[PDB]
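Trainee: There's a structure below that I have some questions on.
Below, the structure written as structure tokens:
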């Protein structure tokens, strides 16, 4: 399992309950798990599984988000657990 302190190139598709938007739609996004830049529950959900794994977790959207909308938005994240160190 790829835990913190690693870079997770996760292709996470922001699916809003059946529908798929472009905002939360990220592909091979070289994310850093352990930078505290992503919301709580997101970066982690990817660090708990291995790589090349399809993490279609229905995560919520906290106020911390830069967008007012994703302050309280229960979204469906299709995170393709790809990870680069």
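Numbering (PDB author numbering), first residue to last: 29 to 113.
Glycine is no exception: its CB is placed at the ideal position from the N, C-alpha and C atoms.
#1: To the nearest angstrom, report how far apart residue 113 and residue 78 are at their CA atoms.
#2: Measure the Cβ-Cβ separation of residue 36 and residue 87 and say whether it is below 8 Å.
#3: Within 10 Å of its beta-carbon, does residue 49 have 16 or more other beta-carbons around it, so buried, or fewer, so exposed?
#4: Would the beta-carbon of residue 102 fall within 8 Å of that of residue 67?
#5: Please tell me whether residue 104 and residue 43 are closer than 8 Å, where the distance is taken between their beta carbons.
#6: Assuming residue 33 contacts residue 73 (C-beta within less than 8 Å), just tell me the rounded distance between them.
#7: Could you have a look at residue 59 and say whether DSSP puts it in helix, strand or coil?
Mentor: Considering the structure as presented:
#1: As a first step, residue 113 is located in the chain shown; it is residue number 85 there, counting from the start. As a first step, residue 78 is located in the chain shown; it is residue number 50 there, counting from the start. Their backbone Cα atoms lie some 13 Å apart in a straight line.
#2: In the chain shown, the residue the question calls residue 36 occupies position 8. In the chain shown, the residue the question calls residue 87 occupies position 59. In this structure, residue 87 does not lie closer than 8 Å to residue 36 by Cβ.
#3: Walking along the chain shown from the start, residue 49 turns up at place 21. Classification for residue 49: exposed.
#4: The residue you call residue 102 lines up with position 74 of the chain shown. The residue you call residue 67 lines up with position 39 of the chain shown. Result no, Cβ atoms of residue 102 and residue 67 do not sit closer than 8 Å.
#5: On the chain shown, position 76 is the one that residue 104 refers to. On the chain shown, position 15 is the one that residue 43 refers to. Yes; because the gap between Cβ atoms is below 8 Å, this pair is in contact.
#6: Translated into the one-based positions of the chain shown, residue 33 becomes position 5. Translated into the one-based positions of the chain shown, residue 73 becomes position 45. Between residue 73 and residue 33 the Cβ distance is about 16 Å, and since that is not below 8 Å, they are no contact.
#7: Indexing the chain shown from 1 puts residue 59 at position 31. Three-state DSSP puts residue 59 in a strand.
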